[PDB]
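final.txt, holding compact mmCIF, C-alpha atoms and all ligand atoms:
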```txt
# COMPACT_ATOMS: atom_id res chain seq x y z
CA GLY A 1 14.69 48.17 5.24
CA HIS A 2 13.55 47.96 8.82
CA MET A 3 9.82 47.78 9.35
CA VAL A 4 8.94 51.17 10.80
CA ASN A 5 5.95 51.18 13.14
CA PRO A 6 3.10 52.82 11.20
CA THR A 7 1.67 56.19 12.12
CA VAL A 8 -2.03 56.68 11.46
CA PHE A 9 -4.26 59.69 12.06
CA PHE A 10 -7.87 60.47 12.88
CA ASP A 11 -9.33 63.88 12.08
CA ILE A 12 -12.05 64.29 14.75
CA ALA A 13 -15.26 66.32 14.38
CA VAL A 14 -17.78 67.35 17.04
CA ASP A 15 -21.36 67.76 15.72
CA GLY A 16 -19.73 68.04 12.30
CA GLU A 17 -17.30 70.83 13.29
CA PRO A 18 -13.57 70.10 13.06
CA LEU A 19 -11.88 69.54 16.40
CA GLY A 20 -8.39 68.34 15.55
CA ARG A 21 -6.10 65.45 14.65
CA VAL A 22 -5.03 62.51 16.81
CA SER A 23 -2.12 60.44 15.54
CA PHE A 24 -1.08 56.99 16.77
CA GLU A 25 2.02 54.84 16.70
CA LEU A 26 0.99 51.25 15.93
CA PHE A 27 3.30 48.66 17.52
CA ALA A 28 3.69 46.41 14.48
CA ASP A 29 7.04 45.32 15.94
CA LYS A 30 5.18 43.64 18.85
CA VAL A 31 1.66 42.90 17.56
CA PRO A 32 1.91 42.86 13.74
CA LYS A 33 -1.48 41.27 13.00
CA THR A 34 -3.34 43.64 15.35
CA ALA A 35 -1.43 46.69 14.13
CA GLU A 36 -2.09 45.79 10.49
CA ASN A 37 -5.83 45.46 11.09
CA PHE A 38 -6.05 48.97 12.56
CA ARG A 39 -3.71 50.39 9.91
CA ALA A 40 -5.74 49.03 7.01
CA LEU A 41 -9.05 50.08 8.60
CA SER A 42 -7.59 53.60 8.98
CA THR A 43 -6.59 53.87 5.31
CA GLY A 44 -9.77 52.22 4.05
CA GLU A 45 -7.72 50.25 1.52
CA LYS A 46 -9.87 47.07 1.81
CA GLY A 47 -13.03 49.03 0.97
CA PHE A 48 -14.25 49.52 4.54
CA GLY A 49 -12.88 51.04 7.71
CA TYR A 50 -13.06 53.86 10.21
CA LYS A 51 -13.74 56.91 8.00
CA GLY A 52 -17.11 58.41 8.93
CA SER A 53 -17.57 56.24 12.03
CA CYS A 54 -18.30 57.56 15.50
CA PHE A 55 -17.06 57.26 19.07
CA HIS A 56 -20.13 55.66 20.60
CA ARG A 57 -19.03 55.53 24.28
CA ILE A 58 -16.89 58.07 26.17
CA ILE A 59 -16.40 57.90 29.93
CA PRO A 60 -14.36 60.79 31.37
CA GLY A 61 -11.55 59.50 33.56
CA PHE A 62 -11.56 56.13 31.79
CA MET A 63 -11.60 55.83 28.00
CA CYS A 64 -13.06 56.70 24.59
CA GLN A 65 -14.41 53.77 22.56
CA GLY A 66 -14.95 53.65 18.81
CA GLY A 67 -14.49 51.57 15.69
CA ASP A 68 -18.03 50.23 15.19
CA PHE A 69 -18.26 51.30 11.58
CA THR A 70 -21.11 48.91 10.73
CA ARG A 71 -23.74 49.56 13.45
CA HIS A 72 -22.50 52.84 15.05
CA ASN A 73 -23.48 51.81 18.57
CA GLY A 74 -21.02 49.21 19.83
CA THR A 75 -22.77 46.10 18.48
CA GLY A 76 -20.88 45.91 15.16
CA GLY A 77 -17.60 46.22 13.32
CA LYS A 78 -15.40 43.69 11.60
CA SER A 79 -11.71 43.01 11.14
CA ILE A 80 -9.86 42.78 7.84
CA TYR A 81 -9.50 39.00 8.32
CA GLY A 82 -13.00 37.93 7.25
CA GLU A 83 -13.86 36.94 10.85
CA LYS A 84 -13.05 38.07 14.37
CA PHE A 85 -9.42 37.25 15.13
CA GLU A 86 -7.33 35.97 18.01
CA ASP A 87 -5.76 37.86 20.88
CA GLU A 88 -2.30 38.15 19.38
CA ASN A 89 -0.40 38.59 22.66
CA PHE A 90 -0.66 40.57 25.90
CA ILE A 91 2.98 41.73 25.90
CA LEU A 92 2.05 45.43 26.13
CA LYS A 93 0.24 46.75 29.20
CA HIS A 94 -2.31 49.48 29.91
CA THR A 95 0.16 51.92 31.42
CA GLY A 96 -1.61 55.26 31.28
CA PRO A 97 -3.43 57.79 29.12
CA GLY A 98 -3.02 57.45 25.41
CA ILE A 99 -2.86 53.64 25.26
CA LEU A 100 -4.71 52.20 22.23
CA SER A 101 -6.24 48.79 22.87
CA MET A 102 -8.75 46.34 21.34
CA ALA A 103 -12.32 46.03 22.56
CA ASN A 104 -13.66 42.48 22.58
CA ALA A 105 -16.52 40.17 23.53
CA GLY A 106 -14.54 37.28 25.05
CA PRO A 107 -11.28 35.49 24.31
CA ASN A 108 -10.18 35.70 20.66
CA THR A 109 -13.00 37.97 19.45
CA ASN A 110 -11.14 41.02 18.11
CA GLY A 111 -12.90 42.89 15.30
CA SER A 112 -12.59 46.63 14.61
CA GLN A 113 -13.68 48.22 17.88
CA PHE A 114 -10.94 49.81 20.00
CA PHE A 115 -10.53 52.20 22.88
CA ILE A 116 -8.19 55.06 23.77
CA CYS A 117 -7.37 55.18 27.47
CA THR A 118 -7.55 58.52 29.32
CA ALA A 119 -6.32 56.94 32.56
CA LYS A 120 -4.18 53.99 33.61
CA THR A 121 -6.37 50.89 33.25
CA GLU A 122 -4.12 48.09 34.47
CA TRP A 123 -7.05 45.79 35.29
CA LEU A 124 -7.44 45.31 31.51
CA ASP A 125 -3.97 43.74 31.22
CA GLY A 126 -4.17 40.22 29.86
CA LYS A 127 -7.75 40.77 28.62
CA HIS A 128 -7.40 43.44 25.90
CA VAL A 129 -4.60 43.56 23.33
CA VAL A 130 -2.63 46.83 23.54
CA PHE A 131 -1.35 47.65 20.07
CA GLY A 132 -0.56 51.37 19.89
CA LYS A 133 -0.39 54.71 21.63
CA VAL A 134 -1.32 58.31 20.91
CA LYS A 135 1.70 60.03 19.34
CA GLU A 136 0.39 63.57 18.83
CA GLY A 137 -2.93 65.13 19.71
CA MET A 138 -3.55 63.68 23.15
CA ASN A 139 -5.04 67.12 23.75
CA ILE A 140 -7.66 66.31 21.09
CA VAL A 141 -8.53 63.11 22.97
CA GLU A 142 -8.83 65.20 26.15
CA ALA A 143 -11.20 67.52 24.30
CA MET A 144 -13.29 64.58 23.05
CA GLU A 145 -13.38 63.20 26.57
CA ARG A 146 -15.30 66.22 27.84
CA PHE A 147 -18.29 65.24 25.68
CA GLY A 148 -18.70 61.91 27.49
CA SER A 149 -20.61 61.10 30.64
CA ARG A 150 -20.79 58.56 33.47
CA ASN A 151 -22.94 56.14 31.46
CA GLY A 152 -20.87 56.73 28.34
CA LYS A 153 -23.47 58.53 26.23
CA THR A 154 -21.91 61.42 24.31
CA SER A 155 -23.49 64.88 24.53
CA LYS A 156 -22.26 65.80 21.05
CA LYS A 157 -21.69 63.53 18.06
CA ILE A 158 -18.01 62.58 17.92
CA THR A 159 -16.90 61.38 14.49
CA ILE A 160 -13.80 60.35 12.58
CA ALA A 161 -14.25 62.78 9.69
CA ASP A 162 -11.08 61.55 7.97
CA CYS A 163 -8.35 59.06 8.71
CA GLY A 164 -5.31 57.57 7.06
CA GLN A 165 -1.63 56.77 7.28
CA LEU A 166 1.13 59.35 7.70
CA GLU A 167 4.20 57.10 7.79
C1 LIG B 201 -16.56 45.26 21.17
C2 LIG B 201 -18.02 44.88 21.45
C3 LIG B 201 -18.48 43.79 20.47
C4 LIG B 201 -18.15 44.35 22.88
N1 LIG B 201 -19.48 43.81 23.18
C5 LIG B 201 -19.77 42.79 24.01
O1 LIG B 201 -18.90 42.23 24.67
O2 LIG B 201 -21.10 42.51 24.04
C6 LIG B 201 -21.66 41.45 24.85
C7 LIG B 201 -21.58 41.79 26.32
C8 LIG B 201 -21.02 40.10 24.54
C9 LIG B 201 -23.13 41.40 24.39
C10 LIG B 201 -17.78 45.42 23.90
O3 LIG B 201 -18.23 46.58 23.92
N2 LIG B 201 -16.83 44.96 24.77
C11 LIG B 201 -16.39 45.76 25.88
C12 LIG B 201 -16.38 44.81 27.10
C13 LIG B 201 -16.08 45.48 28.41
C14 LIG B 201 -14.79 45.47 28.92
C15 LIG B 201 -14.54 46.09 30.16
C16 LIG B 201 -15.55 46.72 30.90
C17 LIG B 201 -16.84 46.72 30.37
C18 LIG B 201 -17.11 46.09 29.16
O4 LIG B 201 -17.96 47.25 30.94
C19 LIG B 201 -17.75 48.00 32.16
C20 LIG B 201 -17.59 49.49 31.94
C21 LIG B 201 -18.34 50.15 30.78
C22 LIG B 201 -17.40 51.13 30.13
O5 LIG B 201 -16.34 50.33 29.54
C23 LIG B 201 -16.57 49.81 28.33
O6 LIG B 201 -17.60 49.98 27.72
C24 LIG B 201 -15.44 48.94 27.86
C25 LIG B 201 -14.11 49.72 27.80
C26 LIG B 201 -13.03 48.80 27.19
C27 LIG B 201 -13.48 48.26 25.84
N3 LIG B 201 -14.79 47.62 26.00
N4 LIG B 201 -15.83 48.40 26.54
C28 LIG B 201 -15.01 46.31 25.62
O7 LIG B 201 -14.12 45.60 25.15
```
Just give me the structure as structure tokens.
Amino acid sequence: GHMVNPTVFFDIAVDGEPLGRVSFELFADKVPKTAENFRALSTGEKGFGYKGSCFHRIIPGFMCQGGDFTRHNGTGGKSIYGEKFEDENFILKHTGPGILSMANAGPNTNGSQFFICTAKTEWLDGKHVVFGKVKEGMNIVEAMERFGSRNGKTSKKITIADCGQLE
């Protein structure tokens, strides 16, 4: 039947203590290649992905950034496509808190790093591929956000203790 946009979850921990679950709708109907990358990295089904990785940069009033599961500091990560991959489209815009979007290092350099907006970030439109949104647990993102700082360093260790697909 109809392709249903996937739902994936992160179970977040703070210095190893459970915080809560954030779930995301992935817009596979608009950005299928970008949605599939994040989906597969969330289930771990290729043998690598987000489980155990950290949020390395959190700026209150802006965004939480994660997905560097290879170097844990924003210099690493990889997609499921054996190389960085193209900006699929910029159809979806950075409209407010909860938007899930790809981090990158230039045109057509998407890997595994992503960010969750905690504010409207419209100046990123046409530069970062929006591919999902928080579905449930925006309150957990708001709780994470409090452990960031102006320069992005986190004051507690924010990890994805578990992750996977709900639907
Ligand atoms: C994904 C890694 C590989 C990549 N590395 C990188 O490009 O490395 C160099 C510079 C080539 C060596 C990176 O992290 N890309 C950054 C670029 C950026 C964009 C917009 C503003 C930026 C930086 O900085 C200003 C504000 C700092 C806080 O906002 C942030 O950190 C942003 C928040 C959105 C996601 N976001 N990070 C990125 O897509």
**OP:** Please identify the residues whose atoms come within 6 Å of ligand LIG 201 (chain B), using only C-alpha atoms and all ligand atoms, and report them as a list in words.
**Re:**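 Every residue with an atom at most 6 Å from ligand LIG 201 (chain B) is listed here: residues 74, 75, 103, 104, 105, 113 and 115 of chain A.
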Subject >> Straight-line distance linking CA of residue 146 in chain A with CA of residue 52 in chain A, stated in Å to one decimal >> reply: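 Separation between CA of residue 146 in chain A and CA of residue 52 in chain A: 20.5 Å.
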Within 6 Å of range 26-41 of chain A, counting all atoms listed in the file, which residues qualify if same-chain residues fewer than 4 places away don't, as a PDB file with C-alpha atoms, in the coordinates of the input?
```pdb
ATOM      1  CA  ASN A   5       5.950  51.180  13.140  1.00  0.00           C
ATOM      2  CA  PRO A   6       3.100  52.820  11.200  1.00  0.00           C
ATOM      3  CA  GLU A  45      -7.720  50.250   1.520  1.00  0.00           C
ATOM      4  CA  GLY A  49     -12.880  51.040   7.710  1.00  0.00           C
ATOM      5  CA  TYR A  50     -13.060  53.860  10.210  1.00  0.00           C
ATOM      6  CA  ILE A  80      -9.860  42.780   7.840  1.00  0.00           C
ATOM      7  CA  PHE A 131      -1.350  47.650  20.070  1.00  0.00           C
ATOM      8  CA  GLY A 132      -0.560  51.370  19.890  1.00  0.00           C
TER       9      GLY A 132
END
```
Original post:
Using all atoms listed in the file, which residue out of A:139, A:101, A:89, A:151 lies closest to residue 66 in chain A?
Top reply: A:101
Original post:
Taking only C-alpha atoms into account, which of A:16, A:97, A:1, A:82 comes nearest residue 161 in chain A?
Top reply: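 Smallest distance to residue 161 in chain A is found for A:16.
Shortest separation to residue 110 in chain A among A:86, A:162, A:167, A:15 occurs at residue A:86, atoms counted being only C-alpha atoms.
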**OP:** Work out how far CA of residue 130 in chain A is from CA of residue 92 in chain A, in Å to one decimal.
**Re:**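 CA of residue 130 in chain A lies at a distance of 5.5 Å from CA of residue 92 in chain A.
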Model the absent atoms of range 102-132 of chain A so that N, CA and C atoms are present, and write the result as a PDB file, in the frame of the given file.
```pdb
ATOM      1  N   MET A 102      -7.580  46.944  21.987  1.00  0.00           N
ATOM      2  CA  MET A 102      -8.750  46.340  21.340  1.00  0.00           C
ATOM      3  C   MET A 102      -9.905  46.081  22.299  1.00  0.00           C
ATOM      4  N   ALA A 103     -11.112  46.485  21.894  1.00  0.00           N
ATOM      5  CA  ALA A 103     -12.320  46.030  22.560  1.00  0.00           C
ATOM      6  C   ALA A 103     -12.613  44.592  22.148  1.00  0.00           C
ATOM      7  N   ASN A 104     -13.322  43.844  22.993  1.00  0.00           N
ATOM      8  CA  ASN A 104     -13.660  42.480  22.580  1.00  0.00           C
ATOM      9  C   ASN A 104     -14.868  41.973  23.354  1.00  0.00           C
ATOM     10  N   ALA A 105     -15.313  40.776  22.964  1.00  0.00           N
ATOM     11  CA  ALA A 105     -16.520  40.170  23.530  1.00  0.00           C
ATOM     12  C   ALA A 105     -16.211  38.800  24.141  1.00  0.00           C
ATOM     13  N   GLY A 106     -14.978  38.595  24.599  1.00  0.00           N
ATOM     14  CA  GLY A 106     -14.540  37.280  25.050  1.00  0.00           C
ATOM     15  C   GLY A 106     -13.187  36.956  24.466  1.00  0.00           C
ATOM     16  N   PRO A 107     -12.596  35.832  24.860  1.00  0.00           N
ATOM     17  CA  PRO A 107     -11.280  35.490  24.310  1.00  0.00           C
ATOM     18  C   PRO A 107     -11.352  35.371  22.791  1.00  0.00           C
ATOM     19  N   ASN A 108     -10.336  35.907  22.104  1.00  0.00           N
ATOM     20  CA  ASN A 108     -10.180  35.700  20.660  1.00  0.00           C
ATOM     21  C   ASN A 108     -11.402  36.163  19.864  1.00  0.00           C
ATOM     22  N   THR A 109     -11.859  37.389  20.161  1.00  0.00           N
ATOM     23  CA  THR A 109     -13.000  37.970  19.450  1.00  0.00           C
ATOM     24  C   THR A 109     -12.706  39.393  18.965  1.00  0.00           C
ATOM     25  N   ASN A 110     -11.469  39.689  18.595  1.00  0.00           N
ATOM     26  CA  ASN A 110     -11.140  41.020  18.110  1.00  0.00           C
ATOM     27  C   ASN A 110     -11.759  41.281  16.741  1.00  0.00           C
ATOM     28  N   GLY A 111     -12.313  42.484  16.572  1.00  0.00           N
ATOM     29  CA  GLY A 111     -12.900  42.890  15.300  1.00  0.00           C
ATOM     30  C   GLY A 111     -12.292  44.201  14.855  1.00  0.00           C
ATOM     31  N   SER A 112     -13.081  45.284  14.911  1.00  0.00           N
ATOM     32  CA  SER A 112     -12.590  46.630  14.610  1.00  0.00           C
ATOM     33  C   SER A 112     -12.714  47.590  15.781  1.00  0.00           C
ATOM     34  N   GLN A 113     -13.511  47.270  16.793  1.00  0.00           N
ATOM     35  CA  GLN A 113     -13.680  48.220  17.880  1.00  0.00           C
ATOM     36  C   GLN A 113     -12.408  48.293  18.742  1.00  0.00           C
ATOM     37  N   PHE A 114     -12.151  49.497  19.244  1.00  0.00           N
ATOM     38  CA  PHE A 114     -10.940  49.810  20.000  1.00  0.00           C
ATOM     39  C   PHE A 114     -11.285  50.874  21.029  1.00  0.00           C
ATOM     40  N   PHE A 115     -10.349  51.096  21.952  1.00  0.00           N
ATOM     41  CA  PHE A 115     -10.530  52.200  22.880  1.00  0.00           C
ATOM     42  C   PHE A 115      -9.203  52.910  23.106  1.00  0.00           C
ATOM     43  N   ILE A 116      -9.320  54.200  23.416  1.00  0.00           N
ATOM     44  CA  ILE A 116      -8.190  55.060  23.770  1.00  0.00           C
ATOM     45  C   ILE A 116      -8.312  55.352  25.255  1.00  0.00           C
ATOM     46  N   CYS A 117      -7.330  54.919  26.037  1.00  0.00           N
ATOM     47  CA  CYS A 117      -7.370  55.180  27.470  1.00  0.00           C
ATOM     48  C   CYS A 117      -7.130  56.658  27.780  1.00  0.00           C
ATOM     49  N   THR A 118      -7.832  57.174  28.795  1.00  0.00           N
ATOM     50  CA  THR A 118      -7.550  58.520  29.320  1.00  0.00           C
ATOM     51  C   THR A 118      -7.100  58.432  30.759  1.00  0.00           C
ATOM     52  N   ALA A 119      -6.806  57.222  31.223  1.00  0.00           N
ATOM     53  CA  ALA A 119      -6.320  56.940  32.560  1.00  0.00           C
ATOM     54  C   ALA A 119      -5.570  55.623  32.464  1.00  0.00           C
ATOM     55  N   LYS A 120      -4.795  55.306  33.503  1.00  0.00           N
ATOM     56  CA  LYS A 120      -4.180  53.990  33.610  1.00  0.00           C
ATOM     57  C   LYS A 120      -5.253  52.955  33.910  1.00  0.00           C
ATOM     58  N   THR A 121      -5.290  51.884  33.126  1.00  0.00           N
ATOM     59  CA  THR A 121      -6.370  50.890  33.250  1.00  0.00           C
ATOM     60  C   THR A 121      -5.766  49.488  33.374  1.00  0.00           C
ATOM     61  N   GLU A 122      -4.945  49.300  34.414  1.00  0.00           N
ATOM     62  CA  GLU A 122      -4.120  48.090  34.470  1.00  0.00           C
ATOM     63  C   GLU A 122      -4.945  46.831  34.664  1.00  0.00           C
ATOM     64  N   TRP A 123      -6.192  46.955  35.124  1.00  0.00           N
ATOM     65  CA  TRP A 123      -7.050  45.790  35.290  1.00  0.00           C
ATOM     66  C   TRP A 123      -7.455  45.166  33.957  1.00  0.00           C
ATOM     67  N   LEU A 124      -7.192  45.852  32.843  1.00  0.00           N
ATOM     68  CA  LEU A 124      -7.440  45.310  31.510  1.00  0.00           C
ATOM     69  C   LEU A 124      -6.276  44.489  30.982  1.00  0.00           C
ATOM     70  N   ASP A 125      -5.137  44.478  31.686  1.00  0.00           N
ATOM     71  CA  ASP A 125      -3.970  43.740  31.220  1.00  0.00           C
ATOM     72  C   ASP A 125      -4.287  42.254  31.144  1.00  0.00           C
ATOM     73  N   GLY A 126      -3.910  41.630  30.037  1.00  0.00           N
ATOM     74  CA  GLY A 126      -4.170  40.220  29.860  1.00  0.00           C
ATOM     75  C   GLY A 126      -5.569  39.900  29.408  1.00  0.00           C
ATOM     76  N   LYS A 127      -6.394  40.924  29.144  1.00  0.00           N
ATOM     77  CA  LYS A 127      -7.750  40.770  28.620  1.00  0.00           C
ATOM     78  C   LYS A 127      -7.949  41.492  27.304  1.00  0.00           C
ATOM     79  N   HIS A 128      -7.278  42.626  27.101  1.00  0.00           N
ATOM     80  CA  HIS A 128      -7.400  43.440  25.900  1.00  0.00           C
ATOM     81  C   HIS A 128      -6.007  43.628  25.321  1.00  0.00           C
ATOM     82  N   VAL A 129      -5.892  43.456  24.009  1.00  0.00           N
ATOM     83  CA  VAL A 129      -4.600  43.560  23.330  1.00  0.00           C
ATOM     84  C   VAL A 129      -4.269  45.040  23.100  1.00  0.00           C
ATOM     85  N   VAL A 130      -3.212  45.505  23.770  1.00  0.00           N
ATOM     86  CA  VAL A 130      -2.630  46.830  23.540  1.00  0.00           C
ATOM     87  C   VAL A 130      -1.805  46.776  22.263  1.00  0.00           C
ATOM     88  N   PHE A 131      -2.054  47.709  21.343  1.00  0.00           N
ATOM     89  CA  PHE A 131      -1.350  47.650  20.070  1.00  0.00           C
ATOM     90  C   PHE A 131      -0.872  49.005  19.566  1.00  0.00           C
ATOM     91  N   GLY A 132      -1.051  50.076  20.324  1.00  0.00           N
ATOM     92  CA  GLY A 132      -0.560  51.370  19.890  1.00  0.00           C
ATOM     93  C   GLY A 132      -0.668  52.387  21.003  1.00  0.00           C
TER      94      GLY A 132
END
```
